[PDB]
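If you want the building blocks of each chain, they are given just below.
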Amino acid sequence: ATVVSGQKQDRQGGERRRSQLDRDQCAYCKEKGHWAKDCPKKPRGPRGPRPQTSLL
RNA sequence: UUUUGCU
Ligand SMILES: [Zn+2]
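Residues numbered from 1 in each chain as written, not as in the entry; some residues may be left out. Chains lettered and ligands numbered in written order. Heavy atoms only, no water.

**Focus: the pattern of salt bridges**
Now for step 1: As enumerated under the stated definition, the model contains 1 salt bridge in all.
Now for step 2: Two residues, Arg44 and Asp38, come together in a salt bridge whose shortest N-O distance is 3.8 Å.
Now for step 3: On the basis of relative accessibility, which here comes to 45%, the residue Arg44 falls in the partly exposed class. (Salt bridge = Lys/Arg side-chain N within 4 Å of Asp/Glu carboxyl O. Buried < 20%, exposed > 50% of the residue type's maximum accessible area, 1.4 Å probe, protein only.)

Printed below as a string of structure tokens:
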């Protein structure tokens, strides 16, 4: 696959209180057990790799 | 809406 870093302006690095984000919690839905990267509410699947919807 | 969490 292709992967290239374009340009940047304001670097990222969010870190300032997270309620109680547990090491075994989700920072997406707020679920306990799965990770955000494993959140079943992620813009992935079942078919159609394209986040950020356009039409309602 | 929420990935603000090292492989
Ligand atoms: Zn989740």
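What follows picks up the thread again.
**Here's the deal with the protein's contact with RNA strand B**
Now for step 1: RNA strand B sits among 15 residues. The nearest are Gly14, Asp22, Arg23, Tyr28 and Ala36.
Now for step 2: Within 4 Å of the protein, the contacting atoms of RNA strand B are drawn from sugar and phosphate to the extent of 41%.
Now for step 3: At 2.7 Å from a sugar or linking oxygen of RNA strand B is found a main-chain nitrogen or oxygen belonging to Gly14.
Now for step 4: One nitrogen or oxygen atom from the side chain of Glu15 is found 2.8 Å from a phosphate oxygen belonging to RNA strand B.
Now for step 5: Here the surface near RNA strand B is composed, by residue class, of 7 nonpolar, 2 polar and 6 charged. (Near = heavy atom within 4 Å. Polar contact = N/O pair within 3.5 Å; in protein donor to acceptor, adjacent residues only side chain to side chain. Nonpolar A, V, L, I, M, F, W, Y, C, P; charged D, E, K, R; others polar.)

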